[PDB]
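Below, in structure tokens: the form deposited without the ligand, a single chain.
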């Protein structure tokens, strides 16, 4: 043709949208996709102008607010002491995966610690049950088959008090995903942990408490809750072949390359 080299193939891949549908040389093939991508950006810029990550967050938010959950925006930079009290003693391996800042703080790898503190505090003022959720940045260092972003966006919703049954947790999860239009399958001995899967991809691990950990945070009460990664949801929804197309990036905007 000649056969495109791997490098040229990779370059073309970067300019390829799932929707896009031999002979021609690298030059024209690339020049074709380049104008398509520019046209895509021009359409976005002309009509909507909303970012996928931002928009999803706004949509996830209307969802939970519309049905009783209080919107939480807690600190992204948390005390290391919070991570230990979660069961990740400096001994565990996950301890190295945490991005530290100073000899005290770090980058919140999950939303749990801050929601725990909120459940405790709010239980002294809000009627039963207590429903909350938080959408925001999280951090974990990666290795191996890195289909994992180091800077990702999490959605953690939870309820405490009445109705905290695996039947209800499953229902919230189901309405939630059918709302977003994302195909999934639920799978679950005791210490009830649910895995919401999409294909062979784990969409989220849910938890039906109470659990031994509850006591460290002053909870001691029933509760249900699930965590989701927004980027993963976007990867699935938009059929991106690589999760990085849905991450905060300088390289992609709504899954379209910015290196045109």
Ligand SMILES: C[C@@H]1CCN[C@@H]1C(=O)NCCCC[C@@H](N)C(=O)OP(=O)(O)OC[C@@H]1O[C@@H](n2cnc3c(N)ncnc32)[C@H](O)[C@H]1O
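Positions refer to the first chain, counted from 1.
Gap check for residue 79 to residue 80: zero deposited residues are absent from the model.
Per the PDB record, of the two stretches 12-20 and 248-256, 12-20 carries the greater mean B-factor over its C-alpha atoms. Per-stretch averaging of Cα B factors for 64-72 and 28-36 places 28-36 on top. The top Cα temperature factor in the record, among 147, 134, 151, 175, falls on 147. Highest CA B-factor among the listed residues (54, 212, 229, 218): 212. Ranked against the other modelled residues of its chain, the C-alpha B-factor of residue 141 as given in the entry falls in the highest third. Sort the modelled residues of the chain by CA B factor and residue 105 lands in the highest third. Per the PDB record, residue ranking by Cα B-factor puts residue 96 in the highest third of the chain. Ranked against the other modelled residues of its chain, the C-alpha B-factor of residue 118 as given in the entry falls in the lowest third. Among all modelled residues in its chain, residue 208 ranks in the middle third by Cα B-factor.
Just so it is clear, the following notes concern the form solved in complex with the ligand, a form of the same protein that is not shown.
Taking the pose of the ligand in the entry with it bound and superimposing the nearby C-alphas onto this chain, the site is open, with no ligand atom within 2.4 Å of backbone or C-beta atoms.
The partner is absent here; in the entry with it bound, the one residue of 51, 205, 35, 42 having a heavy atom within 4.5 Å of the ligand is 205.
None of 100, 148, 185, 121 but one reaches within 4.5 angstroms of the ligand in the entry with it bound through a heavy atom, and that residue is 148. Of the candidate stretches 71-79, 106-114, 175-183, 121-129, only 106-114 has residues whose heavy atoms lie within 4.5 Å of the ligand in the entry with it bound. The shortest heavy atom separation between residue 226 and the ligand in the entry with it bound is within 4.5 Å. Not displayed here, the ligand is approached by residue 154 to within 4.5 Å at the level of heavy atoms in the entry with it bound. Contact check for residue 14: every heavy atom lies farther than 4.5 Å from the ligand in the entry with it bound.
Of the heavy atoms in residue 243, some are within 4.5 Å of the ligand in the entry with it bound. Residue 190 is the only one in 174-200 with at least one heavy atom within 4.5 Å of the ligand in the entry with it bound.
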